[PDB]
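Going in written order, the chains are labelled A, B, C, D and E, and every chain counts its residues from 1.
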Amino acid sequence: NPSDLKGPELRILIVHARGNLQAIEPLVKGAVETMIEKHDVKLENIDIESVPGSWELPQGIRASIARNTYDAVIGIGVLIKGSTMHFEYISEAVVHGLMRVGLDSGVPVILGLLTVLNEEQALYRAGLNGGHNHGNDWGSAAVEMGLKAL
Amino acid sequence: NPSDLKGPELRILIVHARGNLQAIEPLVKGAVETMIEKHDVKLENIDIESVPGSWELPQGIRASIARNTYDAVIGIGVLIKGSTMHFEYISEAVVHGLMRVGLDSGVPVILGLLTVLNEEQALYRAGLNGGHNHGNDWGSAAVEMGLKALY
Amino acid sequence: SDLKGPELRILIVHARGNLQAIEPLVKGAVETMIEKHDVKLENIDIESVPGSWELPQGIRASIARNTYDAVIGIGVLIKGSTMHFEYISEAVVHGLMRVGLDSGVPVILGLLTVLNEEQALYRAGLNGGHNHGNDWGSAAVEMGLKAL
Amino acid sequence: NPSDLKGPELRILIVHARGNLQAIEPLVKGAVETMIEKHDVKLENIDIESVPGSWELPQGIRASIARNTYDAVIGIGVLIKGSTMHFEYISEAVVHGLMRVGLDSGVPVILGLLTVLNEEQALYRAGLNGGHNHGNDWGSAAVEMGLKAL
Amino acid sequence: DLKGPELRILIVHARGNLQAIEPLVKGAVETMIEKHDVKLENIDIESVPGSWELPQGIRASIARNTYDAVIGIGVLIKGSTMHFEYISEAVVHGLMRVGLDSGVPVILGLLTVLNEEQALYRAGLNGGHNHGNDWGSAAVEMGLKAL
């Protein structure tokens, strides 16, 4: 178990979907602020890209890490169960896709996908309403894996 | 600003299944119209191919992107839960197959697969009966991913 | 419907579990291809494997030996008392998709994943049902053709 | 469809887990006896190996078919639903793993995995208490796939 | 009576739910040393933040060093969302894939439980059996059969 991980030279990629921006924004912010403030990652070394939806996360990431070199990637998206089976099938495919991209590439990919039953749960996990911002955890994870990959 | 994304040079492939044409037609139309009118995609640059069912979607796409060059693909199909477990297993394999074809090829594949409980849900998601045509969203996603693929 | 594939070579691999349902499905696929799409009887290879589990491998092995424009994998899985049905249904469906994608040869899913035998027979065209094998035959012809 | 399949020259590999040996033993026995007595496979041409649990089946098989040449493989294991979600996740992963090893290697891999709700169901499928020994079916399947792979 | 004095074993564990993780890792190690004669110097232990990182942590490590076997240990507890279901499935598949891709035996040491009690129980507490011991023996056995 580590303690004070600093990655001043780590290059971090954050790709986030744009559905449910109320939850996405705090998550990205929390990941960024945690990496900068707690791990000395440099703001200019954090590329933040977006894709329309969670479905595009794996491909978005795959495309970006083929272009630039990153020490770790955080894919962030929020899927909320709806009236059809859409949520179940794409949640599964996206999580599998994210794992696959990480394993195929050798680049640590941190899962920042919330797969919740309703918006309240998503907001709660983004740090609102007394909840804990999971983005912070993902930021620290990215830093740790990025460092271990070096 | 998704609306300000223009892809006059994008070559987009739309492969759609032919099951549940009442829902498929508006979805395909929505995607095409959105790409053309909202993203300046050229009608000549949009190839539309069909396959019998959703099952054939990954293979139809895989075959087509091996033949021509596309900046993005939209796989469209409507799967409605039936009396057997057919729906559950093929929905899962098709979604995985679409994701796989995209990742294997590097070509953005937009999921335009409706996995619904009944036809009303499908029609509703095709923009009928007060619903929003999801095909429009897929058209915009394809343009955005196509552009981000080149640049 | 006006799709003709007089030069298509089609492979049908079917499992042998639940032959009462398998036979009509295979027959419907073959008849539909011959009668409706002008596929030649001698250009249709039919092979069988013991169960649905072997469908992906039986197909992979066959398309590695001969050249086919399309393949129909036919099997009938009926939900039983254990979780066997769920796990192999998913693995076989995945396997069939994989073999198609890996090989580039269209693989038509002719796998029924039903709750009971009545549903399987119904989908094989018995008891007022529609023979799904016919649809698969047409799908195979269409995909074989589109694979140019 | 086939009549009387004989594989006197077939080399068959059986890899079996060791969890729930009461059920495993009859399965292996049924497969072996069926291949020998009904398909003329030679006892000395049947290699039997074991791994600790079902999780290790794909890897155990992969390792063995890399070392020796087999016409077919039967992977045998018994997973019984427990109190956690372990059963669901490993059943899926092992079944997928077995299909993968077979497709990857081109060597027929017969699924000899029981995924049951309780031990009674497992013994029943191992031919006890009036049940049919599924191992017999697997032995015949292996011979048939082994022969067709020629 | 399986002894692997020359086996090099890697244990990668997540750090979520350390109350359960610690006994698991300890059990796997003690078992390998005491029961299989694996040498303390030949056991590498690395950690990753969460179960999600297990496959990648393992893949990266077996690319760097040579191990005869690997145990990926993590504890996932069902929560209020569907997170548990989706990641358990992806991590288990991830672990199976890393082992098959690399040819290095990967022993699954992931607990996928409904609550903490079940995890602690499978870590040898409150009268339970420490599953880490079993993983330690499986790793040894697979490490050896890989030779």
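Operating definition for what follows: a contact is a pair of C-beta atoms (placed from the backbone, for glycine too) under 8 Å apart; a residue touches a chain by one contact, two chains touch by 3 or more.
Per UniProt, the chains are A, B, C, D, E = 6,7-dimethyl-8-ribityllumazine synthase.
Engineer: Distance between chain D and chain E based on Cα centroids, please, to the nearest Å.
Structural biologist: Measuring from centre to centre gives 26 Å for this pair.
Engineer: Taking each chain's centre as the mean position of its Cα atoms, how many Å separate chain B from chain E?
Structural biologist: 41
Engineer: Mind pulling the residue numbers of chain B that touch at least two other chains?
Structural biologist: In chain B, residues 92, 96 touch at least two other chains, as defined above.
Engineer: Thinking of each chain as a vertex joined to the chains it touches, would you call that graph a line, ring, star, complete, or other?
Structural biologist: Contact pattern: a closed ring, each chain touching exactly two others.
Engineer: From chain D, moving on to its ring neighbour chain E, which chains come in turn until the ring closes?
Structural biologist: Ring order, starting at chain D and heading to chain E first: D, E, A, B, C.
Engineer: Within their complex, state which residues of chain B touch chain A.
Structural biologist: For chain B paired with chain A, touching residues are 2, 81, 91-92, 95-96, 98-99, 102-103, 106, 108-111, 113-117, 121, 125, 137, 140-141, 144-145, 148-149.
Engineer: Would you tell me which residues of chain B are touching chain C in their complex?
Structural biologist: Residues 49, 51-53, 55-56, 58-60, 62-63, 66-67, 83-86, 89-90, 92-94, 96-97, 100-101, 104 of chain B touch chain C in their complex.
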